[PDB]
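Trainee: My questions all concern the structure below.
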Amino acid sequence: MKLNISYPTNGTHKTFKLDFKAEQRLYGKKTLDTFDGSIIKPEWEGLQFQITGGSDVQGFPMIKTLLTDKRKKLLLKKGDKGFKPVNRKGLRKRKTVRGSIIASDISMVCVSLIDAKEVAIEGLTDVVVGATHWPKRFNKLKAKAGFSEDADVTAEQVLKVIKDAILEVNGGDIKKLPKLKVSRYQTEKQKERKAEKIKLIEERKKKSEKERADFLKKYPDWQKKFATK
Amino acid sequence: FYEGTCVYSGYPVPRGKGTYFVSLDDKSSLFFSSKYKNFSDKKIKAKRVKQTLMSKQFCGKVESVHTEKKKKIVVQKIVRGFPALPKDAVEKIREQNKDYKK
RNA sequence: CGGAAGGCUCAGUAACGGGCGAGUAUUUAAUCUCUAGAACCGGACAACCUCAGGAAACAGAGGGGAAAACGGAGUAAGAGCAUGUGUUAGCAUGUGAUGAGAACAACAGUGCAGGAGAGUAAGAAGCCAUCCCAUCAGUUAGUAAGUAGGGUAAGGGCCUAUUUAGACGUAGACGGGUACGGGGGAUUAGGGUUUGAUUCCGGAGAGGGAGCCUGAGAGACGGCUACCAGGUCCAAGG
RNA sequence: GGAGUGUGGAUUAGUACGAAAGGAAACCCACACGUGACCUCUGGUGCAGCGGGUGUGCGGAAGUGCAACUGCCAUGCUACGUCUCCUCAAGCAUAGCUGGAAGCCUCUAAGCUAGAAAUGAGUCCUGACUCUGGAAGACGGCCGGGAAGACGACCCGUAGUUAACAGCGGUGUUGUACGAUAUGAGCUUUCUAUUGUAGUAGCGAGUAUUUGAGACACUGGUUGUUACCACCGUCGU
RNA sequence: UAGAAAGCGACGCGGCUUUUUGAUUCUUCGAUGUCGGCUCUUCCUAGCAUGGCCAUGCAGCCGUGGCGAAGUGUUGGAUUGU
RNA sequence: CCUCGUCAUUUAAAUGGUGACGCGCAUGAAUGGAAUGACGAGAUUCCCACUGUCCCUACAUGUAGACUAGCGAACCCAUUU
RNA sequence: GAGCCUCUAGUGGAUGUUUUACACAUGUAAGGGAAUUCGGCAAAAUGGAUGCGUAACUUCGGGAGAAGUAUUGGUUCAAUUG
Ligand SMILES: [K+]
Ligand SMILES: [K+]
Ligand SMILES: [K+]
Ligand SMILES: [K+]
Ligand SMILES: [K+]
Ligand SMILES: [K+]
Ligand SMILES: [K+]
Ligand SMILES: [K+]
Ligand SMILES: [K+]
Ligand SMILES: [K+]
Ligand SMILES: [K+]
Ligand SMILES: [K+]
Ligand SMILES: [K+]
Ligand SMILES: [K+]
Ligand SMILES: [K+]
Ligand SMILES: [K+]
Ligand SMILES: [K+]
Ligand SMILES: [K+]
Ligand SMILES: [K+]
Ligand SMILES: [K+]
Ligand SMILES: [K+]
Ligand SMILES: [K+]
Ligand SMILES: [K+]
Ligand SMILES: [K+]
Ligand SMILES: [K+]
Ligand SMILES: [K+]
Ligand SMILES: [K+]
Ligand SMILES: [K+]
Ligand SMILES: [K+]
Ligand SMILES: [K+]
Ligand SMILES: [K+]
Ligand SMILES: [K+]
Ligand SMILES: [Mg+2]
Ligand SMILES: [Mg+2]
Ligand SMILES: [Mg+2]
Ligand SMILES: [Mg+2]
Ligand SMILES: [Mg+2]
Ligand SMILES: [Mg+2]
Ligand SMILES: [Mg+2]
Ligand SMILES: [Mg+2]
Ligand SMILES: [Mg+2]
Ligand SMILES: [Mg+2]
Ligand SMILES: [Mg+2]
Ligand SMILES: [Mg+2]
Ligand SMILES: [Mg+2]
Ligand SMILES: [Mg+2]
Ligand SMILES: [Mg+2]
Ligand SMILES: [Mg+2]
Ligand SMILES: [Mg+2]
Ligand SMILES: [Mg+2]
Ligand SMILES: [Mg+2]
Ligand SMILES: [Mg+2]
Ligand SMILES: [Mg+2]
Ligand SMILES: [Mg+2]
Ligand SMILES: [Mg+2]
């Protein structure tokens with residue numbers, strides 16, 4: 001049996017083999033259970049872990065809401081874990097899955113360490129990493145731009161963030177400089193187009209409203225002439 | 001050592017007692033005694049037999065898997081971890097930004 | 001945005017299966033004409049990154065991140081009900097469930113929200129014509145009708161409750177056997193007798209039966225689900 | 001008196017032997033029938049114990065009789081369950097050794113060796129006549145029990161981890177007591193004060209809580225209370 | 001297949017048994033309950049299986065004729081009173 | 001009679017049952033002959049359901065029985081067994 | 001005026017002992033289901049009412065309750081015999 005450990009403060013991962021006695025002490029648990037590291041290893045006292053998921057040795061996934069030690073077949077839609085539909089909308093299919101309760105069937109258990117405390121777990125504690133992408137949306141970007149509850153042109157914040165990258169990362173360089181872009185804030189091309197719609201409605205009104213009066217000048221007896229079919 | 005867990009009663013079965021019953025549907029099932037096998041045949045629903053472990057769990061007299069209502073352990077905010085930007089520099093930029101924002 | 005068309009066959013069906021008229025008691029993405037739009041906020045899913053399962057087919061954890069994708073806020077709009085007035089649109093008044101919305105590029109354009117009328121396609125209907133056996137004479141009880149309600153896009157025993165006994169037959173009912181139906185084909189002085197799987201139109205099916213999600217539109221099978229009859233690969237667990 | 005009997009599989013082996021086709025020979029393991037015991041498990045049985053309903057009795061409820069029906073089930077008994085069953089000695093038929101009669105020959109006339117699920121012993125059940133020991137008292141009845149039992153007989157106890165009743169621990173069987181309280185498909189609109197307001201209800205199968213409750217047994221564990229120290233006969237010194 | 005005698009053995013001759021049916025009338029007619037089955041025990045050998053051996057027309061497998069041996073075995077059914 | 005007649009069907013297996021056949025020891029017409037319905041505590045064969053009849057017996061209840069108080073006979077008898 | 005239970009009126013003795021085996025009246029039984037026996041002898045199974053649905057043959061009356069199947073308690077309502 002493998003054990004796969006994630007440390008979400010650091011963004012780091014490690015896999016280990018268990019021994020028999022360690023394994024046998026996990027039996028009976030389920031996803032979203034917790035335990036103390038001392039039950040897996042000597043030391044590791046007070047490290048609290050939470051169980052995330054895993055896999056049958058046949059390869060079927062453990063599902064978070066099927067509380068049994070057995071395999072079932074379920075009918076699954078899009079948005080259900082264990083199924084990945086592609087080429088037709090409204091497709092639903094029947095697949096084998098395993099319940100959440102841990103036993104000798106399992107090949108791998110996934111686990112999250114909540115807090116490393118004073119301990120020095122190799123690989124988990126020795127590295128710190130960030131994200132992969134950058135906040136495109138304006139208000140998400142602003143919070144990261146350190147500001148809150150004040151008004152800027154986007155250019156200001158783009159300048160701040162770029163300069164800080166040049167300074168803090170490279171101390172000067174053309175490296176970094178990912179292609180920062182901003183959504184949900186009005187640029188000048190939008191100011192013009194948003195003015196134009198106001199021009200349209202104002203004329204369409206007057207033109208429509210004119211013809212009504214122009215008609216009534218000529219046809220006082222509109223209704224009595226028209227209605228006699 | 002146990003033989004297993006009784007299908008109808010929910011009771012754990014000691015080694016060397018009880019029996020398996022195998023149906024033509026191809027399923028094999030373990031019973032504690034003749035008493036509970038017969039109650040299955042006569043279609044008595046287990047939840048109504050008040051001394052069973054099944055009934056006690058269903059009523060909530062005994063804590064069981066359904067009572068637990070677990071949720072994912074909540075974490076806290078981090079110093080903005082973003083690509084390239086080293087963790088320590090953001091610990092500094094965020095402060096500098098907070099200053100300028102005031 | 002399309003995969004609901006076209007292609008193949010004639011098993012089932014004596015019937016909305018076929019010919020002629022009519023346009024409703026109905027729904028319709030695209031397309032046309034007229035008209036026609038001041039709106040804020042939030043998370044995820046897939047791919048990406050780090051581990052990593054399974055014999056394969058096929059899947060996991062953890063963390064970012066978009067939309068004209070999605071969910072909420074206000075706001076226009078707004079079904080039904082009731083009374084006036086104009087059949088009947090419309091308008092007035094009272095009451096209100098519900099409740100949104102796309103821009104982008106300049107090679108100089110392409111899109112998307114609402115209405116009203118067209119246009120295309122279905123659903124349901126009117127009339128008339130349809131094979132053999134009497135060694136098959138009585139058949140039917142949602143059957144025939146009425147009142148009221150549910151259901152549907154919509155009329156209706158379509159379905160249900162209480163009342164009335166009807167409906168159809170020797171001018172062949174009911175049962176059984178047999179059949180894709182026309183435009184047409186072969187023979188022919190005339191009157192006839194025989195055939196139509198088969199370039200066009202319309203119907204039904206996808207091994208046999210039954211259920212279904214998505215969509216403007218399928219009871220779809222080069223979509224899904226279960227049984228019955230048969231098969232294929234395996235490391236025997238799928 | 002008497003007790004174990006037989007079948008199959010694997011291995012030798014596709015071997016010897018045969019032209020080929022075919023095709024043998026211990027030890028070990030599984031089983032059947034027979035024999036003798038045993039309840040740990042699994043069936044069966046329901047006398048003690050707990051529950052349920054039908055008809056009719058004790059004014060209602062609760063506790064219950066009679067006619068009998070029905071679900072579970074201690075201890076016990078039982079098989080459809082579990083355990084059980086070989087070794088010596090003398091020698092049959094036969095095949096041999098030495099060897100005369102009968103200078104040769106020859107299992108036989110003397111003598112010797114190998115020899116059968118058969119015979120005789122031991123291990124197994126019954127137990128004649130005996131043998132060794134202790135002591136002036138011994139033994140029987142009467143009283144109370146069972147592991148024993150038709151009655152006798154056998155195994156045991158009588159001032160004590162003795163008996164019986166209670167607590168408090170322990171181990172089981174049944175299935176959630178009485179009474180309260182809340183709810184309940186529906187059906188209904190009563191009363192007091194007093195003019196008009198306020199007060200203001202009934203009837204109902206069942207279900208949930210209090211409640212793994214209540215009932216019932218056994219304890220070679222431990223505390224309290226209560227009862228029991230006799231008597232009669234026979235043989236001996 | 002040669003050959004009396006592995007196995008057979010014509011035509012004749014001598015015995016044993018009481019399990020078949022006869023033959024006879026000794027005992028019982030002031031009464032010995034009459035066929036078959038069911039149940040249960042013991043005995044006999046003229047040996048079907050199981051153990052030890054001898055002959056063979058015994059290669060092996062399967063057999064056939066004989067010797068000492070009676071310890072343990074020899075079943076479930078259909079028609080029929082049998 | 002021969003005789004458990006021969007052929008078909010019913011069973012794994014039929015001295016049985018039913019259907020055929022007929023020189024019938026020794027069938028047969030009010031000494032009444034032949035084919036059916038309804039009804040038999042009448043005789044016979046088979047199928048479904050059901051079961052301690054059986055394989056193969058086990059446990060439990062009531063009443064007698066054993067032992068004890070009160071009461072108290074008969075059949076039979078050459079008898080030494 | 002069946003069986004079962006009660007009111008009026010009427011009623012009872014060979015003693016004590018938990019009591020083996022074999023009996024006589026009765027209960028229940030795993031898996032199998034007539035293998036039992038001359039022979040299903042004895043026992044088990046079916047059972048009332050309401051509805052649906054009912055063959056050969058027949059003297060046309062019958063067969064016929066043919067066979068084969070389903071329903072049934074308590075409570076609270078509608079409707080008036082369905
Ligand atoms: K796609
Ligand atoms: K029982
Ligand atoms: K594998
Ligand atoms: K036992
Ligand atoms: K028992
Ligand atoms: K009484
Ligand atoms: K038992
Ligand atoms: K010897
Ligand atoms: K002896
Ligand atoms: K003495
Ligand atoms: K005594
Ligand atoms: K109670
Ligand atoms: K309770
Ligand atoms: K006589
Ligand atoms: K007789
Ligand atoms: K022999
Ligand atoms: K013998
Ligand atoms: K015969
Ligand atoms: K026959
Ligand atoms: K005659
Ligand atoms: K005659
Ligand atoms: K005559
Ligand atoms: K009779
Ligand atoms: K008794
Ligand atoms: K007595
Ligand atoms: K009376
Ligand atoms: K009566
Ligand atoms: K029989
Ligand atoms: K017979
Ligand atoms: K009899
Ligand atoms: K007639
Ligand atoms: K009949
Ligand atoms: Mg087509
Ligand atoms: Mg073709
Ligand atoms: Mg056809
Ligand atoms: Mg929106
Ligand atoms: Mg109706
Ligand atoms: Mg055609
Ligand atoms: Mg189709
Ligand atoms: Mg289909
Ligand atoms: Mg297709
Ligand atoms: Mg009892
Ligand atoms: Mg004591
Ligand atoms: Mg004799
Ligand atoms: Mg006599
Ligand atoms: Mg005499
Ligand atoms: Mg006599
Ligand atoms: Mg002899
Ligand atoms: Mg017979
Ligand atoms: Mg005959
Ligand atoms: Mg005559
Ligand atoms: Mg039985
Ligand atoms: Mg049974
Ligand atoms: Mg017999
Ligand atoms: Mg009888």
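Note on naming: chains are A, B, ... as they come in the structure tokens, residues start from 1 per chain, ligands start from 1 in the order shown.
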Fewer than 5 positions away in the same chain doesn't count, so skip those; otherwise give me all residues within 12 Å of residue 51 in chain D, counting only C-alpha atoms (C1' of nucleotides), as a PyMOL selection string.
Mentor: chain D and resi 70-73+173-177+215
Trainee: Those residues you just picked out, can you put them in a file as a PDB file, in the first residue's frame with C-alpha atoms (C1' of nucleotides)?
Mentor:
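Result file out.pdb:
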ATOM      1  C1'   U D  70     -49.084 -19.093  18.296  1.00  0.00           C
ATOM      2  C1'   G D  71     -43.344 -16.454  18.009  1.00  0.00           C
ATOM      3  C1'   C D  72     -38.567 -17.132  20.807  1.00  0.00           C
ATOM      4  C1'   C D  73     -35.865 -19.903  24.137  1.00  0.00           C
ATOM      5  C1'   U D 173     -33.165 -15.860  28.180  1.00  0.00           C
ATOM      6  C1'   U D 174     -37.159 -12.618  26.262  1.00  0.00           C
ATOM      7  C1'   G D 175     -37.658  -7.836  23.638  1.00  0.00           C
ATOM      8  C1'   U D 176     -38.593  -2.376  25.533  1.00  0.00           C
ATOM      9  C1'   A D 177     -43.245  -2.880  31.829  1.00  0.00           C
ATOM     10  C1'   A D 215     -39.755  -9.750  34.260  1.00  0.00           C
TER      11        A D 215
END
Trainee: Can you tell me, as number ranges by chain, what residues are no more than 9 Å from range 185-190 of chain A when counting only C-alpha atoms (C1' of nucleotides), ignoring any on the same chain fewer than 6 positions away?
Mentor: A: 137-138, 153-154
Trainee: Okay, now the selection with N, CA, C and O atoms, as an mmCIF file, in the first residue's frame?
Mentor:
data_model
loop_
_atom_site.group_PDB
_atom_site.id
_atom_site.type_symbol
_atom_site.label_atom_id
_atom_site.label_comp_id
_atom_site.auth_asym_id
_atom_site.auth_seq_id
_atom_site.Cartn_x
_atom_site.Cartn_y
_atom_site.Cartn_z
ATOM 1 N N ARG A 137 -9.266 39.018 -13.437
ATOM 2 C CA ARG A 137 -10.363 39.892 -13.040
ATOM 3 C C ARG A 137 -9.810 41.048 -12.210
ATOM 4 O O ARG A 137 -8.932 40.835 -11.385
ATOM 5 N N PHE A 138 -10.371 42.251 -12.369
ATOM 6 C CA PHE A 138 -9.835 43.464 -11.760
ATOM 7 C C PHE A 138 -9.801 43.419 -10.235
ATOM 8 O O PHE A 138 -8.750 43.644 -9.645
ATOM 9 N N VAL A 153 -6.893 53.864 -11.837
ATOM 10 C CA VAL A 153 -6.810 53.341 -13.190
ATOM 11 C C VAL A 153 -5.949 52.081 -13.143
ATOM 12 O O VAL A 153 -4.909 52.054 -12.487
ATOM 13 N N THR A 154 -6.369 51.054 -13.888
ATOM 14 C CA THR A 154 -5.687 49.768 -13.966
ATOM 15 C C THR A 154 -4.186 49.929 -14.218
ATOM 16 O O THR A 154 -3.381 49.197 -13.635
#
Trainee: Go through C:88, C:95, C:75, C:162 one by one, measure the shortest atom-to-atom distance of each to chain A using only C-alpha atoms (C1' of nucleotides), and give the residue with the smallest value.
Mentor: C:88
Trainee: Go through the chains and note each residue within 12 Å of ligand 47, using only C-alpha atoms (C1' of nucleotides) and all ligand atoms, then give the set as number ranges by chain.
Mentor: E: 31-33
Trainee: Let me see the file: selected residues, N, CA, C and O atoms (P, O5', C5', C4', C3', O3' and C1' of nucleotides), as a PDB file, in the first residue's frame.
Mentor:
ATOM      1  P     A E  31     -57.681 -83.327  24.918  1.00  0.00           P
ATOM      2  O5'   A E  31     -57.245 -83.919  23.495  1.00  0.00           O
ATOM      3  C5'   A E  31     -57.640 -83.197  22.311  1.00  0.00           C
ATOM      4  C4'   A E  31     -56.467 -83.009  21.362  1.00  0.00           C
ATOM      5  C3'   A E  31     -55.452 -81.921  21.718  1.00  0.00           C
ATOM      6  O3'   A E  31     -54.221 -81.920  20.984  1.00  0.00           O
ATOM      7  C1'   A E  31     -56.785 -81.196  19.898  1.00  0.00           C
ATOM      8  P     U E  32     -53.060 -82.986  21.270  1.00  0.00           P
ATOM      9  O5'   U E  32     -51.658 -82.221  21.293  1.00  0.00           O
ATOM     10  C5'   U E  32     -51.620 -80.845  21.703  1.00  0.00           C
ATOM     11  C4'   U E  32     -50.346 -80.180  21.221  1.00  0.00           C
ATOM     12  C3'   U E  32     -50.506 -79.176  20.064  1.00  0.00           C
ATOM     13  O3'   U E  32     -49.765 -77.973  20.317  1.00  0.00           O
ATOM     14  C1'   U E  32     -48.823 -80.757  19.544  1.00  0.00           C
ATOM     15  P     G E  33     -50.483 -76.575  20.653  1.00  0.00           P
ATOM     16  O5'   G E  33     -51.144 -76.127  19.250  1.00  0.00           O
ATOM     17  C5'   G E  33     -50.320 -75.772  18.062  1.00  0.00           C
ATOM     18  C4'   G E  33     -51.205 -75.564  16.843  1.00  0.00           C
ATOM     19  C3'   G E  33     -50.572 -75.024  15.548  1.00  0.00           C
ATOM     20  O3'   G E  33     -50.169 -76.086  14.687  1.00  0.00           O
ATOM     21  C1'   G E  33     -52.556 -73.795  16.049  1.00  0.00           C
TER      22        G E  33
END
Trainee: If you count only C-alpha atoms (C1' of nucleotides), which residues fall within 8 Å of residue 52 in chain B, apart from same-chain ones fewer than 3 positions away, as a ChimeraX atom specification?
Mentor: /B:9-11,46-47,49,55-56
Trainee: Could you produce a table of the residues of chain A lying within 9 Å of chain B, with the nearest pair of atoms per residue and their separation in Å rounded to one decimal, using only C-alpha atoms, ordered by chain and increasing residue number, as CSV?
Mentor:
residue,atom,partner,partner_atom,distance
A:8,CA,B:75,CA,8.4
A:9,CA,B:78,CA,7.3
A:31,CA,B:70,CA,9.0
A:32,CA,B:70,CA,6.1
A:33,CA,B:70,CA,7.6
A:50,CA,B:73,CA,7.7
A:52,CA,B:72,CA,8.9
A:67,CA,B:65,CA,7.6
A:114,CA,B:73,CA,7.5
A:128,CA,B:87,CA,7.7
A:129,CA,B:81,CA,6.8
A:130,CA,B:81,CA,3.9
A:131,CA,B:82,CA,4.6
A:132,CA,B:83,CA,5.7
A:133,CA,B:83,CA,6.9
A:134,CA,B:82,CA,7.2
A:144,CA,B:80,CA,7.1
A:145,CA,B:97,CA,6.7
A:146,CA,B:97,CA,4.5
A:147,CA,B:101,CA,5.2
A:148,CA,B:101,CA,6.9
A:149,CA,B:101,CA,8.5
A:150,CA,B:101,CA,7.1
A:160,CA,B:97,CA,8.8
A:161,CA,B:93,CA,8.9
A:164,CA,B:93,CA,7.3
A:165,CA,B:85,CA,6.5
A:168,CA,B:89,CA,5.8
A:169,CA,B:85,CA,6.0
A:176,CA,B:84,CA,6.5
Trainee: With a distance threshold of 9 Å and counting only C-alpha atoms (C1' of nucleotides), extract the residues of chain A near chain C and express them as a compact mmCIF listing (two decimals) with N, CA and C atoms, in the first residue's frame.
Mentor:
# COMPACT_ATOMS: atom_id res chain seq x y z
N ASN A 4 -0.03 8.85 0.02
CA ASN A 4 0.27 10.04 -0.77
C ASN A 4 -0.08 11.28 0.07
N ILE A 5 0.94 12.09 0.44
CA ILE A 5 0.76 13.18 1.40
C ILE A 5 0.96 14.54 0.73
N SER A 6 0.00 15.42 0.99
CA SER A 6 -0.04 16.79 0.50
C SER A 6 0.08 17.74 1.69
N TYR A 7 0.82 18.83 1.50
CA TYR A 7 0.93 19.85 2.53
C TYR A 7 0.52 21.21 1.98
N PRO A 8 -0.77 21.61 2.13
CA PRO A 8 -1.31 22.77 1.44
C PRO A 8 -0.81 24.16 1.83
N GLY A 11 2.51 23.66 -0.60
CA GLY A 11 2.24 23.26 -1.98
C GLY A 11 3.05 22.05 -2.43
N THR A 12 3.42 21.19 -1.48
CA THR A 12 4.39 20.11 -1.68
C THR A 12 3.75 18.73 -1.50
N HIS A 13 4.37 17.71 -2.14
CA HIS A 13 3.84 16.35 -2.16
C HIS A 13 4.94 15.32 -1.90
N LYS A 14 4.59 14.23 -1.18
CA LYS A 14 5.45 13.07 -0.98
C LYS A 14 4.65 11.77 -0.88
N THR A 15 5.19 10.70 -1.48
CA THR A 15 4.62 9.36 -1.42
C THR A 15 5.56 8.43 -0.65
N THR A 52 -8.40 11.83 2.41
CA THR A 52 -8.92 12.57 1.27
C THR A 52 -9.63 11.66 0.25
N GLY A 53 -9.09 10.46 0.00
CA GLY A 53 -9.60 9.57 -1.04
C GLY A 53 -8.62 8.43 -1.32
N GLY A 54 -8.82 7.72 -2.43
CA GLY A 54 -7.91 6.64 -2.78
C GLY A 54 -8.44 5.70 -3.86
N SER A 55 -7.80 4.53 -4.00
CA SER A 55 -8.06 3.60 -5.09
C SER A 55 -8.04 2.15 -4.64
N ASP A 56 -9.04 1.38 -5.08
CA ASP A 56 -9.04 -0.07 -5.07
C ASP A 56 -7.82 -0.58 -5.85
N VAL A 57 -7.31 -1.78 -5.52
CA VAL A 57 -6.26 -2.43 -6.30
C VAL A 57 -6.72 -2.81 -7.72
N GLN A 58 -8.02 -3.02 -7.93
CA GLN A 58 -8.56 -3.18 -9.28
C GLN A 58 -8.58 -1.87 -10.08
N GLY A 59 -8.43 -0.73 -9.39
CA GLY A 59 -8.30 0.56 -10.07
C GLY A 59 -9.53 1.45 -9.93
N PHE A 60 -10.60 0.95 -9.30
CA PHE A 60 -11.82 1.71 -9.13
C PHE A 60 -11.62 2.76 -8.04
N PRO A 61 -12.22 3.97 -8.16
CA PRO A 61 -12.03 5.01 -7.15
C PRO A 61 -12.86 4.79 -5.89
N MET A 62 -12.37 5.33 -4.77
CA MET A 62 -13.17 5.47 -3.57
C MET A 62 -14.01 6.74 -3.68
N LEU A 75 -25.25 4.79 -11.74
CA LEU A 75 -25.48 5.58 -12.94
C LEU A 75 -25.03 7.02 -12.66
N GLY A 79 -20.45 15.90 -13.95
CA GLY A 79 -20.31 16.58 -12.67
C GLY A 79 -20.22 15.63 -11.47
N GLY A 82 -15.61 10.35 -11.01
CA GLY A 82 -15.39 9.00 -11.52
C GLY A 82 -15.78 8.82 -12.99
N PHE A 83 -16.37 9.87 -13.58
CA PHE A 83 -16.89 9.84 -14.94
C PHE A 83 -16.53 11.15 -15.66
N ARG A 88 -21.19 14.03 -26.16
CA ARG A 88 -22.63 14.25 -26.18
C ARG A 88 -23.12 14.83 -24.86
N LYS A 89 -23.87 15.92 -24.95
CA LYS A 89 -24.49 16.49 -23.77
C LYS A 89 -25.64 15.59 -23.36
N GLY A 90 -25.87 15.48 -22.04
CA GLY A 90 -26.96 14.70 -21.48
C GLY A 90 -26.64 13.21 -21.37
N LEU A 91 -25.38 12.84 -21.63
CA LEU A 91 -24.93 11.46 -21.52
C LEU A 91 -24.83 11.06 -20.05
N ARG A 92 -25.23 9.82 -19.75
CA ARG A 92 -25.11 9.25 -18.42
C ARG A 92 -24.80 7.77 -18.55
N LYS A 93 -23.92 7.26 -17.69
CA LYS A 93 -23.36 5.94 -17.91
C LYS A 93 -23.16 5.21 -16.58
N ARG A 94 -23.11 3.87 -16.63
CA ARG A 94 -23.05 3.06 -15.42
C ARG A 94 -21.66 2.46 -15.26
N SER A 107 -5.12 0.21 -2.59
CA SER A 107 -3.75 0.28 -3.07
C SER A 107 -3.06 1.59 -2.68
N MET A 108 -3.84 2.68 -2.60
CA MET A 108 -3.30 3.99 -2.28
C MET A 108 -4.33 4.81 -1.51
N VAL A 109 -3.87 5.48 -0.44
CA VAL A 109 -4.68 6.42 0.31
C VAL A 109 -4.06 7.80 0.17
N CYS A 110 -4.91 8.79 -0.13
CA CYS A 110 -4.48 10.18 -0.18
C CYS A 110 -4.78 10.86 1.15
N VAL A 111 -3.84 11.69 1.62
CA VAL A 111 -3.90 12.33 2.93
C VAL A 111 -3.38 13.77 2.87
N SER A 112 -4.00 14.66 3.66
CA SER A 112 -3.51 16.02 3.86
C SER A 112 -3.03 16.22 5.30
N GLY A 130 4.28 28.72 -5.07
CA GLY A 130 3.13 29.60 -5.25
C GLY A 130 2.01 28.96 -6.07
N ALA A 131 1.43 29.75 -6.99
CA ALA A 131 0.37 29.31 -7.88
C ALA A 131 0.91 29.05 -9.29
N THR A 132 0.00 28.96 -10.28
CA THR A 132 0.35 28.68 -11.67
C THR A 132 -0.04 29.84 -12.58
N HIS A 133 -1.21 30.46 -12.32
CA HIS A 133 -1.74 31.54 -13.14
C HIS A 133 -1.85 32.84 -12.33
N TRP A 134 -2.43 33.88 -12.95
CA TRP A 134 -2.54 35.22 -12.38
C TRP A 134 -3.98 35.72 -12.48
N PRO A 135 -4.48 36.48 -11.47
CA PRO A 135 -5.86 36.95 -11.45
C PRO A 135 -6.14 37.96 -12.57
N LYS A 136 -6.91 37.53 -13.58
CA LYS A 136 -7.28 38.37 -14.71
C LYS A 136 -8.33 39.41 -14.30
N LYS A 194 -20.01 52.51 -25.49
CA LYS A 194 -21.04 52.67 -24.48
C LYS A 194 -21.72 54.03 -24.56
N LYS A 197 -24.49 53.71 -27.89
CA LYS A 197 -25.79 53.11 -27.60
C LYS A 197 -26.79 54.15 -27.07
N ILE A 198 -26.29 55.15 -26.35
CA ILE A 198 -27.11 56.24 -25.82
C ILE A 198 -27.60 57.12 -26.97
N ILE A 201 -30.69 55.17 -28.94
CA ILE A 201 -31.99 55.13 -28.30
C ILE A 201 -32.66 56.50 -28.32
N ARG A 204 -34.06 57.01 -32.05
CA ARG A 204 -35.10 56.04 -32.36
C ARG A 204 -36.41 56.42 -31.67
Trainee: Taking only C-alpha atoms (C1' of nucleotides) and all ligand atoms into account, which residues have an atom no farther than 10 Å from ligand 37? I'd like them as a PyMOL selection string.
Mentor: chain C and resi 142+157+159-162
Trainee: Which residues come within 10 Å of range 64-69 of chain G, counting only C-alpha atoms (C1' of nucleotides), excluding same-chain residues fewer than 5 positions away, as a ChimeraX atom specification?
Mentor: /G:52-55
Trainee: May I have the residues within 12 Å of ligand 23, computed using only C-alpha atoms (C1' of nucleotides) and all ligand atoms, as a PyMOL selection string?
Mentor: chain F and resi 39-43
Trainee: Throw together the list of residues within 12 Å of ligand 25, counting only C-alpha atoms (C1' of nucleotides) and all ligand atoms, and drop it here as a PyMOL selection string.
Mentor: (chain F and resi 63-68) or (chain G and resi 14-17+19)
Trainee: So that I can see what lies close to range 8-25 of chain F, please list as a list in words the residues with an atom at most 10 Å from it, counting only C-alpha atoms (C1' of nucleotides) and leaving out residues fewer than 2 positions away in the same chain.
Mentor: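 Here the answer would be residues 77, 78, 79 and 80 of chain E; 1, 2, 4, 6, 27, 44, 45 and 46 of chain F.
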Trainee: Mind listing the residues within 10 Å of ligand 48, only C-alpha atoms (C1' of nucleotides) and all ligand atoms counted, as a list in words?
Mentor: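 If we count only C-alpha atoms (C1' of nucleotides) and all ligand atoms, the neighbours of ligand 48 turn out to be residues 45, 46, 47, 67, 68, 69 and 70 of chain E.
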Trainee: In Å to one decimal, how far is CA of residue 35 in chain A from CA of residue 48 in chain A?
Mentor: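 Between CA of residue 48 in chain A and CA of residue 35 in chain A the gap works out to 5.9 Å.
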Trainee: Could you list the protein, DNA and RNA residues that have any atom within 8 Å of ligand 33, counting only C-alpha atoms (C1' of nucleotides) and all ligand atoms, and write them as a PyMOL selection string?
Mentor: chain C and resi 5-7
Trainee: Please save C-alpha atoms (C1' of nucleotides) of the selected residues as a PDB file, in the first residue's frame.
Mentor:
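selection28.pdb written:
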ATOM      1  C1'   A C   5     -31.155  14.809 -42.919  1.00  0.00           C
ATOM      2  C1'   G C   6     -29.493  11.591 -46.628  1.00  0.00           C
ATOM      3  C1'   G C   7     -28.488   5.882 -47.308  1.00  0.00           C
TER       4        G C   7
END
